[PDB]
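Only one chain is given next, in structure tokens, and it is the form deposited in one PDB entry.
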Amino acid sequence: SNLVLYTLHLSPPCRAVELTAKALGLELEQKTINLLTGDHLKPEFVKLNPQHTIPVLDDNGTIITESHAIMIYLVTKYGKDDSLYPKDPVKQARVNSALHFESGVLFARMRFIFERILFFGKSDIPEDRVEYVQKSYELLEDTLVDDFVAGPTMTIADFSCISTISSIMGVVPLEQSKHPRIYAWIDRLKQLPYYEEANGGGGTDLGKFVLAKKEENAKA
């Protein structure tokens, strides 16, 4: 049996994995979990994941929650080589640090911005949400001393960061004169044959959505 992803293409951690599949030549069976309609709060998916988050991987019995774990596991099982996730401990620790930086800083700050708008009826981006996100951009620009977030070679840490950054930048302006490293980096990832499809359209579209969703919360 083929790998199944419970997923939503608007979802950033969803797109992280989709990029990885693509990079691995893996064909995912997508099953939609519409968070807007509470698909994830339904009892059958609460059984798959008590955190009721997406994506969820199902690989013929094995269920893996959490984008960064599913990405590790996909490379470990299916990679024909380890470029996307180094076996060398020292090299793997730089990937790990950038994976946790993405979880703990970039996506966490994005969520602190998006979640109250898309789910709690909110119509503002508080100024402190803004500073946390603008600080997360600078932290990323300083992490890019190499061409890719965790070295000179592209890793799953790059998919993880791009899926987030490409969502939040269409909502909290990423000034280009101040972040040339981030932009030169986005440019690299856009050169990927599968970039528009696995990520760039859902990032762009989630940004626009959050903005529509927030023009919409101001009214009724």
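Residue positions are given as counts along the sequence shown, with the first one as 1.
Comparing the deposited coordinates for 2-10 and 210-218, the stretch with the larger average C-alpha B-factor is 210-218.
Look at the C-alpha B-factors of 38-46 and of 170-178. On average they run higher in 38-46. When the Cα B-factors of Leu192, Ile165, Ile63, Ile186 are read from the PDB record, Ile63 comes out highest. Of the candidates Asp147, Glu138, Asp82, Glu102, the one whose C-alpha carries the top B factor in the deposited record is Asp82.
For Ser123, the recorded CA B-factor ranks within the highest third of the chain. Only modelled residues enter the ranking.
Per-chain ranking of the deposited C-alpha B factor places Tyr78 in the highest third.
Remark: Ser160 belongs to the lowest third of its chain, ranked by C-alpha B-factor as recorded. Annotation for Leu57: C-alpha temperature factor in the middle third relative to the rest of the modelled chain, per the entry.
Ranked by C-alpha B-factor against the other modelled residues of its chain, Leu26 falls in the highest third.
Beyond what is shown, the protein has a form solved in complex with a small molecule; the following relates to that form.
The candidate stretches are 49-57, 177-185, 23-31, 149-157, and the one lying within 4.5 Å of the small molecule in the deposited complex by heavy atoms is 49-57. Not displayed here, the small molecule is approached by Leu118 to within 4.5 Å at the level of heavy atoms in the deposited complex.
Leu189 falls outside the set of residues with a heavy atom inside 4.5 Å of the small molecule in the deposited complex. The closest heavy atom approach of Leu35 to the small molecule in the deposited complex falls within 4.5 Å. Not displayed here, the small molecule is approached by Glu66 to within 4.5 Å at the level of heavy atoms in the deposited complex.
For the candidate spot formed by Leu3, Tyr73 and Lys77, no residue has a non-hydrogen atom within 4.5 angstroms of the small molecule in the deposited complex.
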